[PDB]
Amino acid sequence: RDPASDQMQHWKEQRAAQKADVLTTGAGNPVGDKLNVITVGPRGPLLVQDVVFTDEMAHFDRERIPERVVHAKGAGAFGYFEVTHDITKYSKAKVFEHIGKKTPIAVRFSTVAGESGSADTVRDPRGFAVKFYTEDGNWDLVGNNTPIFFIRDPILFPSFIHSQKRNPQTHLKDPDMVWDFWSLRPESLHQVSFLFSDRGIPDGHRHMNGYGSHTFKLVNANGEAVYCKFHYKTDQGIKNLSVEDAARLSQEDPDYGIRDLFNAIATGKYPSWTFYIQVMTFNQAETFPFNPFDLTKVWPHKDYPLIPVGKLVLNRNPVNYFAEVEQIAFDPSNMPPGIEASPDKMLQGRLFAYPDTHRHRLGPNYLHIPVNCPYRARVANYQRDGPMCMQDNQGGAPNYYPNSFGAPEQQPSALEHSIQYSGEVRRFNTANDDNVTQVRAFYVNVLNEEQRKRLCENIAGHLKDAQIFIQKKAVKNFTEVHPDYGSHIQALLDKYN
Amino acid sequence: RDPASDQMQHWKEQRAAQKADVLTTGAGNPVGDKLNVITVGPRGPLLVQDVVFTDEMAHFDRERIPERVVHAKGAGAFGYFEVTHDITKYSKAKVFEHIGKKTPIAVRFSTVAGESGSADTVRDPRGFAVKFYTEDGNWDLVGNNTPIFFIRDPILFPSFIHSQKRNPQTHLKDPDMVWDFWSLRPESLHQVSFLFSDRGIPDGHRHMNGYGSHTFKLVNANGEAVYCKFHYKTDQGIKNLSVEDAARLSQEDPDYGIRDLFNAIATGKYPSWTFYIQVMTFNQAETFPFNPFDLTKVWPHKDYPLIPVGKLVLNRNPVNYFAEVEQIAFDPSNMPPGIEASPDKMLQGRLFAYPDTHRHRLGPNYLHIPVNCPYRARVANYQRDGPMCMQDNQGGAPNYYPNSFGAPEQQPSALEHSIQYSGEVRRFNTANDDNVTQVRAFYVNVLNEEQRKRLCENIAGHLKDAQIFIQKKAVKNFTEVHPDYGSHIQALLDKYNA
Amino acid sequence: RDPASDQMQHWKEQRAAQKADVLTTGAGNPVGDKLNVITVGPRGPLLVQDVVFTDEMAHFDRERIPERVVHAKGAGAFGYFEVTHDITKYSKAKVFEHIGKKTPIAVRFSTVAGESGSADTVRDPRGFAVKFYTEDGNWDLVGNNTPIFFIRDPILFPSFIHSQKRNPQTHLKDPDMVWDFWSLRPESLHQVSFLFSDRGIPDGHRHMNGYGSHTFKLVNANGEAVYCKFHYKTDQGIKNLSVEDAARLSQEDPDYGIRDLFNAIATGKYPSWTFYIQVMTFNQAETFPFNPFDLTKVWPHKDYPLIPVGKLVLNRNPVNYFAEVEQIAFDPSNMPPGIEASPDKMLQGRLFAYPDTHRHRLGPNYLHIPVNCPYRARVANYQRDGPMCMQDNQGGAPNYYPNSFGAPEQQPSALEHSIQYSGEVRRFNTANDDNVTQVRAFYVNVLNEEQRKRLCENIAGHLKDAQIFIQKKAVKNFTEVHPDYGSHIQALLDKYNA
Amino acid sequence: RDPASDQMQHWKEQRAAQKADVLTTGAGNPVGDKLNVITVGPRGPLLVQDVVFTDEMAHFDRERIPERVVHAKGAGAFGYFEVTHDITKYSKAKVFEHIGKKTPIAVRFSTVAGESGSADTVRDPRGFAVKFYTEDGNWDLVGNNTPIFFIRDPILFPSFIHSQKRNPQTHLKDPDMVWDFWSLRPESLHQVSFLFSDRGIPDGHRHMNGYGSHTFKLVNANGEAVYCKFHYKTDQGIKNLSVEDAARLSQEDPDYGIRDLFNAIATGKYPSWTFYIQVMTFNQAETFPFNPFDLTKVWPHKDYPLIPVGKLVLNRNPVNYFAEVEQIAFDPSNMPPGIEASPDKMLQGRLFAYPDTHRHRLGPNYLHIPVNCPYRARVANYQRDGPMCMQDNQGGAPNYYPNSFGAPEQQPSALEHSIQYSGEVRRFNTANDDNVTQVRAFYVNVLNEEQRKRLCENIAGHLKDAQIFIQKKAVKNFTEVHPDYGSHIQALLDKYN
Ligand code: HEM
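Scoring rules and cut-offs
- Residues numbered from 1 in each chain as written, not as in the entry; some residues may be left out.
- Chains lettered and ligands numbered in written order.
- Heavy atoms only, no water.
- Residues with missing side-chain atoms left out of burial classes, pairs and counts.
- Helix = DSSP H or I, 4+ residues; strand = E, 2+ residues; numbered from the N terminus.
- Rg over C-alpha atoms; globule rule 2.2 N^0.38 Å.
- Contact = heavy atoms within 4.5 Å.
- Areas by Shrake-Rupley, 256 points an atom, 1.4 Å probe, with all protein chains shown as cover.
- Donors = N, O, S within 2.8 Å, 3.2 Å for Na, K, Ca; no water.
- Buried < 20%, exposed > 50% of the residue type's maximum accessible area, 1.4 Å probe, protein only.
- Pairing = 2+ DSSP bridges.
- Nonpolar A, V, L, I, M, F, W, Y, C, P; charged D, E, K, R; others polar.
- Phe/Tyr/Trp six-rings, centres within 6.5 Å; stacked < 30°, edge-to-face > 60°.
- UniProt positions renumbered as here; feature names shortened; annotations may be inferred.
- Polar contact = N/O pair within 3.5 Å; in protein donor to acceptor, adjacent residues only side chain to side chain.
- Near = heavy atom within 4 Å.
- Least-squares fit on C-alpha atoms.
- Domains from an automatic or database assignment.
- Buried area = accessible area lost by both parts, 1.4 Å probe.
- Salt bridge = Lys/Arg side-chain N within 4 Å of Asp/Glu carboxyl O.

This deposited entry lists cryo-EM as its structure determination method and 2.27 Å as its resolution.

Details of the overall build of chain B
Scanning chain B from N- to C-terminus turns up 14 helices and twelve strands. Computed over C-alpha atoms, the radius of gyration of chain B comes to 26 Å, within 12% of the 23 Å expected from 2.2 N^0.38 for 498 residues, which places it in the range of a compact globule. A fraction of 72% describes how many contacts in chain B between residues 6 or more apart in sequence connect residues 24 or more apart. Total accessible area on chain B stands at roughly 16,900 Å², and carbon and sulfur atoms take up 51% of it.

A look at the coordination of the iron atom of the ligand
No other protein atom reaches the iron atom of the ligand as a donor apart from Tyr-354 of chain D (OH), found 1.9 Å away. Its location among the elements puts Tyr-354 of chain D in helix α10 (residues 345-361).

Considerations on the pairing of strand β4 (residues 127-134) of chain A
All names here are of chain A. The element β4 is extensively covered by neighbouring structure, given that eight of its eight residues are classed as buried. Burial along β4 is two-sided: the face carrying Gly-127, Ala-129, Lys-131 and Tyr-133 and the face carrying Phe-128, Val-130, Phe-132 and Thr-134 are both buried. Relative to β4, strand β3 (residues 102-110) runs antiparallel, the two being bridged by six bridges. By the bridge assignment for β4, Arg-108 is matched with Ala-129. One ladder, built from eight bridges, connects β4 with strand β5 (residues 137-144); its direction is antiparallel. The residue bridging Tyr-133 from the neighbouring strand is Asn-138, located in β5. If you look at the hairpin formed by β4 and β5, you'll find two residues sitting between the two strands.

Notes on the sheet that holds strand β1 (residues 38-40) of chain C
One open sheet holds the three strands; their spatial order is β11(B)-β13(D)-β1(C), and the pairing between them is antiparallel. A single partner strand is all that each edge strand has here, and the edge strands are β11 (419-420) of chain B together with β1 of chain C. Sheet topology places β1 of chain C next to strand β13 (residues 424-427) of chain D; three bridges connect them, and they run antiparallel. Bridge assignment links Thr-39 of chain C to a residue of β13 of chain D, and that residue is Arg-426 of chain D.

Quick notes on the interface of chain A and chain D
Facing 99 residues of chain A, the contacting portion of chain D comprises 96 residues. Examining the composition of the side of chain A that touches chain D, we find that six residues originate from one element, helix α2 (residues 51-61) of chain A, more than from any other. Considered class by class, the residues forming the side of chain A that touches chain D number 49 nonpolar, 33 polar and 17 charged.

Quick word on the sheet that holds strand β13 (residues 424-427) of chain C
Taking strand neighbours across the sheet as the criterion, the three strands line up as β12(A)-β13(C)-β1(D) in an open arrangement whose pairing is antiparallel. Both edges of this open sheet fall to β12 (419-420) of chain A together with β1 (38-40) of chain D, since each of them pairs with a single strand only. Inspection of the sheet shows β13 of chain C paired to β1 of chain D by three bridges, in the antiparallel sense. Its bridge partner lying in β1 of chain D, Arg-427 of chain C is registered against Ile-38 of chain D.

What to know about the packing of aromatic side chains
Residue and element names in this part refer to chain B. Using the criterion set out here, one finds 146 aromatic pairs over all chains in the structure. Pairing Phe-150 with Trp-182 gives two aromatic rings, centres 5.5 Å apart and planes at 15 degrees, and the pair type is stacked. With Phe-150 in the loop between β5 (137-144) and α3 (157-163) and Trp-182 in helix α4 (residues 175-184), this pair connects stretches of sequence that are 32 residues apart. The same class applies to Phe-150 and to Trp-182, which are both buried.

Examining α2 of chain A
Within α2 of chain A, ten of the eleven residues are buried, which leaves the element mostly enclosed by the surrounding structure. Taken as a whole, α2 of chain A has its buried residues at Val-52, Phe-53, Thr-54, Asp-55, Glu-56, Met-57, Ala-58, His-59, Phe-60 and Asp-61 of chain A. As for α2 of chain A, its buried residues are in contact with α3, α10 (345-361) and β12 (424-427) of chain B together with α10 of chain D.

Examining the UniProt feature "binding site: NADP(+)" in chain A
Residues and elements named next belong to chain A. The positions UniProt marks with the feature "binding site: NADP(+)" are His-190, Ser-197, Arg-199, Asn-209, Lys-233, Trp-299, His-301 and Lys-302. Sequence-wise these annotated residues cover 113 residues; spatially they are dispersed, their C-alpha atoms as much as 23.1 Å apart. When you line up the elements, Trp-299 lands in the loop between α8 (282-286) and β10 (307-316). Look at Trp-299 and you get buried, because its relative accessible area is 3%. Once residues within four sequence positions are removed from consideration, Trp-299 is found in contact with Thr-215, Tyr-227, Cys-228, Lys-229, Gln-278, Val-279, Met-280, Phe-288, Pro-292 and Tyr-304.

Overview of the side chain of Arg-152 of chain D
Residues and elements named next belong to chain D. Within the element layout of this structure, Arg-152 appears in the loop between β5 (137-144) and α3 (157-163). A polar contact is formed between the side chain of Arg-152 and the side chain of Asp-294, at a distance of 3.2 Å. A polar contact of 3.3 Å, which involves the side chain of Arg-152, links it to the side chain of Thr-296. Apart from the residues lying within four places of it in its own chain, the contact partners of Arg-152 are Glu-187, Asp-294, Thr-296, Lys-297, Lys-345, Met-346, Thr-430, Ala-431, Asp-433, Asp-434 and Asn-435.

Examining the site of the ligand
Residues in close proximity to the ligand total 26 residues, the closest being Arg-68, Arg-108, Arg-350, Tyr-354 and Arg-361 of chain D. Chains contributing residues near the ligand are chains C and D. Contacts to the ligand include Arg-361 of chain D, whose side-chain N or O atom sits 2.9 Å from an oxygen atom. A total of seven residues in the shell around the ligand trace back to one element, the largest contributor, which is α10 of chain D. Within the shell around the ligand, the residues separate by chemical class into twelve nonpolar, nine polar and five charged.

Some thoughts on the relation of the copies chain A and chain D
In screw terms, the move from chain A to chain D is a rotation of 180 degrees and a rise of 0.0 Å along the axis, fitting with an RMSD of 0.1 Å. Taken together, the rotation and translation describe the operation of a two-fold axis. Relative to the rotation axis, the C-alpha of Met-388 of chain A is the closest in chain A, positioned 3.6 Å from it. Take the interface residues of chain A: 97% of them recur as interface residues in chain D, which is what a same-surface contact looks like.

With respect to the domain arrangement of chain A
Entries for chain A in the domain assignment read domain 1 (1-64), domain 2 (65-148 + 200-373) and domain 3 (149-199 + 435-497). Computed over C-alpha atoms only, the centres of domain 1 of chain A and domain 3 of chain A are separated by 52 Å.

Overview of the interface of chain D and chain B
Taken residue by residue, the interface counts 46 residues in chain D and 48 residues in chain B. Interface area, chain D with chain B, both sides summed: about 3,900 Å², of which 57% is carbon and sulfur. When the buried area of chain D at its contact with chain B is split by residue, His-162, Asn-399 and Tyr-400 of chain D rank highest and sum to 14% of it. For the pair chain D and chain B, the number of links is two salt bridges. A salt bridge links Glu-416 of chain D to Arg-427 of chain B; its shortest N-O distance comes to 3.0 Å. At the boundary of chain D with chain B, the tally comes to 17 residue pairs in polar contact.

Some points on the domain arrangement of chain B
All names here are of chain B. Taken domain by domain, chain B comprises domain 1 (1-64), domain 2 (65-148 + 200-373) and domain 3 (149-199 + 435-498). In this complex, domain 1 contributes five residues to the contact, which on the side of domain 2 involves seven residues. Buried surface at the junction of domain 1 and domain 2, both sides included, amounts to about 460 Å², of which 58% is carbon and sulfur. When residues of domain 1 are sorted by the area they lose upon contact with domain 2, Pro-3, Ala-4 and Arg-64 head the list and together hold 68% of the total. Counting across the interface, domain 1 meets domain 2 through one salt bridge. For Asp-2, the salt bridge goes to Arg-259, with nearest N and O atoms at 3.9 Å. Our count for the domain 1 to domain 2 interface comes out at two residue pairs in polar contact. By residue class, the composition of the side of domain 1 that touches domain 2 is two nonpolar, no polar and three charged.

So, in structure tokens, the structure goes:
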């Protein structure tokens, strides 16, 4: 059968010659019998001194860790990034230092709202997270399959996640929550139009693009800084699943994406993505018609063309899923010198959110789980102890800074880039920014007639389950985007109602 | 629109008169604005001073707790147990003390292998766990929808659970693991025959029976002990979903059971169960043809009739799912005086397994989560502290026993019943016990022709995905049960393999 | 016998009439016998079904939580704050709203570096943390017994804490670490001079002052803001322990402060503190000779007089130490409307550091441990779940914002005060700020001859154990403060080294 | 200066030639400046963008783990055990398999009741825990400096521990609790007499003996079983501190034992212990005048002589205290084939108590913290996942047993020895066992006049702080042991009162 079906057979075939290992306890003590327990006679009660049973049973009882608060259902793979073009005039990061340089990568794909156990082929944004193991530490590009997101302020993210998830009382998916949140926040129209198009259900993880979706800052060796976007487009082509096909697959094969990626890598059909950047100077960031740090906007390709950088290749399947996929952690704040953060508020909130959730989910010392370790860099600092400190704890080195005993020193060349900001320190309302121009451009100029009609059908078929007043508010926003948009959606809703 | 769809509308309607509450932080400080963050200028970076954002963000980051290692996907409800018949001659537990007395209950239904997010209408055993809030402490009857289980020794339970879950490398369901484990352990044939019949997919949680699968010990006020089984049959009738209907429902409505139970309770259609016991004397346990403490065997009804006890009724929906259903914990060791454990090895392992996993999953002080608290009895002991110690940590009372300062004292009437056992202390092999007699009885006498044909078709349609040698071993076990069983399964496998 | 010695006798005396409680398990099941375990025969092995022993033992195995990373050794008490003067022109916080208003408080005193188990009467700064339970949420004033601290940048705090604690290899106190850090960072001279004076060892917790030590921002109802300091001076008088007396007490009574506070409150001798503020306008902050947000500086009293505000009274002893003292958590970010943070970098770091460490030490839901709960305010937000959720989890209320179903709304009057800042966003060096002027003022004008000579003796007696080059660097800093300071310390060091 | 105080100087001297390391974050990213934070101008507020500060600060905030519920204050060392005599007729354990074989060991010394920060030189029992790294798994001999203990039933251990610690309200040491518990349970008289003698305060950890204190079962290769006791006597000699000297040292040097052990090993003065066993046949365990599995009784030397086995030597100091001493865990259930548990009820309770508390204190995967790992054995079983799994999660091997794919198998030779027991299954009262015979033997025949007088003075000076009726009950128990004992204690109490 398929290589995923033959995992145990393949393992047995590689271990055909050798004799089976001796079964031991967690402390290495050999086990005499692990099929029966110690009782007082044949029909008597169990004994405490059966420590083999207790040792196995307690560890079984402690197997689960909390799942991710979002993107719980996921698939992992490994490979490398290779440089194909020179962009050293924009960035001085070691990952781009010369043409042909290779950096090992780790990649996790995921959905957003479904828990670990839900189906892969549902309408949802897709996570595309890449971990670069560079000599200047780990670089995490925690991206999506869309260049934009629903909201533009990080304080609304927990509310959006709650509204996309189950009702707090009935534990059911509630369209009222979803559509009340979306109609009260019309800045989500762009990503809603993206989500309900054909690209909302990709045909596996190999047939979709990846976007960092934030503005980032590139600094070169001379100290000059530019703003950038990150793109990586699939070399396999964009492929999508129809609504009926996805509905069938969700029942027949709830793990469609995992099986597809594993069977592709196992047969040597390695998927690749071509890595691009967009570049915006500060002067033309001043004159951009929108806010260039707004997560609901893209940079048009005519004014900001793609610049090739390299390519991402995935050629290795995980050996153990729990150790390499479930325990992997991506922190957007993991940036080497040459890559920095832009003043995008969403990115600013993400700078705190991810290590904070990783400490809770995995542990304070999660950075030295082997899949998360920066094994191509040298870690030396004044941090000590913590639960599950699996090292020499940096030995007997001095643990305070500054000192006069030869402990590690700071590197002045790794200093951040300086920007002067104007304005007072307060909360600025961004709910009334431009919400319809790029949505109108997508509706009129990007989609053709059939894609547009399918998008309207999908929106109506999801929105018809909500209350009437939420329907009117959503239709009002859609009519603000385009009158035909709202009118078609309202006609389909009238048919449903 | 069903009442489940109108949850927010109903909540808004009960609060029509009142003005909305003031939005505060976790420390109660009122919040000025929670739609925008604090930046230096309109297009500047974020400030640490925005403690409102950090306070909400970290709590959102800490929302998830580890799911149950088994029975992760579940549905909760609440109600009461009522006594309708007198069994005081068998047990002295306060829950059965007189006819007509009521005890509040909490119930969780669940599947077994699927995690959170998996579908409800799949072929699986169903959990039926009942928590009695009794004045003599909490009593947990952690039952299933089948009277039997796959294995009879508790040390094989982690291996069986692993074999029914995802492959450790590919993270996929692996028929090889499932059927290799089942063919290497032929004592699972009885529960496999149960599982692949029509009752493997119940039509919601209201149309299925509940069984305390282990044998238990009942002690009366005179110190006499008997062995017992627990049954509670649905008053709604047994109803099952066909394979095609369940397949359609799994993708159309993955939360079919939760919605069904909630909409039943919300409309006033309260599901009910009739509570029964089987009773075996110790002489009858000596003369029983099998081991009476074997989890792969039942007590036949013609020799051990059902004795009515009471009624289980569920009439209240959960108010908050996470606090009442996700955080509820059932410990089989929670037994009041009058109810004890039998020497069933599975039950003995479960006596340790559940509080240990509860301490891991919820916390050391999980017993004082409000849904888990024994609020109808009085807690007084010499246990102190631990993480999240609420109330007053039993005040300044003496924390050592014995003492001379009026601290709580042991109650001699609550002493366990004493039994003399014979034999050596070692591991006794039970893999070669009788594995086919009751399976043959179920195959020949219980099922009719159509149910038998569907059972064979289901078994073949699952086993076809396994390797050839595992197929032959499983067919050998089925032929050991009955020649026609194995012959039909092999013929269907031959059709599938070509 | 003191009342602390008679705790158990008193508890027995209040329970003279009533009969002792029944000893139960954690689930409320009555215990037959808790002095012997279940064995097969008198000389046989232990049984799993002895669940009483397992429950008690497993709970005993989990009663330790991690201690505080600093201020581990501490003492707690409770009382109230009362307003005696009108400061409504400066702040609109409800805690100061009218004269005579009372607010319940909780107070923890502590040392800094010693772990839970170390002695009380050692040379160290003392923590003085006050938690106000106001109707606008909880307000925590996490203060010290000194108005200043050793460093002025929050990124050096873990290094300073490590240097004051045990060596990473030998696990011993290492004067090399302490004095190398202090000599490499000359900004610590002011707080070092404070620490090695007579007030470095107070005579219990009732004979010492308390300082917020940070500049804070007070905003009134009209939107005008001022900068403020917080003071609360002991009404019992400043009293200190000599070096020899403290050394004797450390081994004779390692819990001197706890016993002193408990016996004071138990006999009705309630300690009191008078609450003051200093007020700086923004123009005065512009014209201040130093940085007014520097943690190594004080505001001189002749230019910024004390303004009386209120009264802190402690009159209730803790009932259970672990529940009310070990589990209490103070967050400087807990500020009601009318009180805000200043741009002091140390305060900015603390704003993140304290809830972050509370989530790890106590749990994500630590704010609803009863001693930490804002029980005089109404908590309503969109935060849900988390481990050990011990309420209705806010029921079935909508959990997203904004919504259209009557869920809690933001309060616009609780918005923060707005300030425009100038300059680039980068790291600014503050190591070369003024380090010796206020230290010289303290050395020359505050201390008399005997206090000065004792201070020099204490400094030399601690610094003698360090290496020679660190001794020269420290002596160089002391000579920078004053030539006689450094010369006296060097002469005493010369005597010690020979 | 002692070598302990020159730790940083020594580290700097071994790192004199090399250049200092570059200071990085936990993810390996080089740090530009770690002395100042990022603010909005010289006097502005702090930025979230300062991820270096947050990364260091959160880890500092997560440094502490819960201390041990008992024996919190401790000192660690490392070395080896060597076989000097042949006892293979009693045991088939690989650790004793031939003369001259070495096995690496890890040792922790500790007090009992004091927490971290408390003084070393106080009157208390001393823990002497030895971890053998054996090719048949790890063997932990969790011993004490006394052959006996206060109680004989494991269900009273939490009550005794609570009574020896702080009052639940005042958080102070309460003599009422201690002496009420001791007078209500007169089986503690033997260990109380031991504790209040001169050996209650050892002169460091090198001048004291070690005892397993339990009866254990030794099984040879032919299946024959015997009962045994474990002894290891100090080759440095028994040395004790006087009450006044210990009181002075507690104030002056609260870490006297740690410094003494470290400076002994650092200067090459390696402490050693001689390893002995007592042997009781199953026939003569029936005719023993007491219960041979009673923790309040010893086996007399004239009837059960010591049999030499080997030497315990400590020659290596810890490199990092937290990783090697604070995180080390000893499980009495860690026993290789050839060593088993006896029906001692205290040992049976300890079989459950220690792994249960280790899972809470350190983590579910505490057995693979490097100091706890059985690195000289091969670990292979069907346990998977759990928090903080750091090696491979045993790869893609089959995780269920039995299987048909070559996974590890049980070893029938490692089966336990089987014993038939008689009697009912219930709770048997052991409070009325013999409580005074061996105490009387110790009082009359072991101690001389001066030691006896000092013991009486110490007991009186501790008991005078308790209430009067507790004093009478304790005096009644002491008079039961010997009339002169109780009369002297009562006269001293009368002087105090
Ligand atoms: C029923 C009786 C006992 C129980 C339940 C018990 C329980 C415990 C527990 C929970 C710990 C904490 C371990 C850790 O957190 O690392 C501990 C430590 C310890 N116990 Fe016991 N104990 C008992 C009696 C004894 C006896 C009889 C001995 C010696 C003969 C002993 C010697 C020790 C030692 C040396 C340690 C420190 C181990 C280390 O250095 O990590 N205990 N005990």
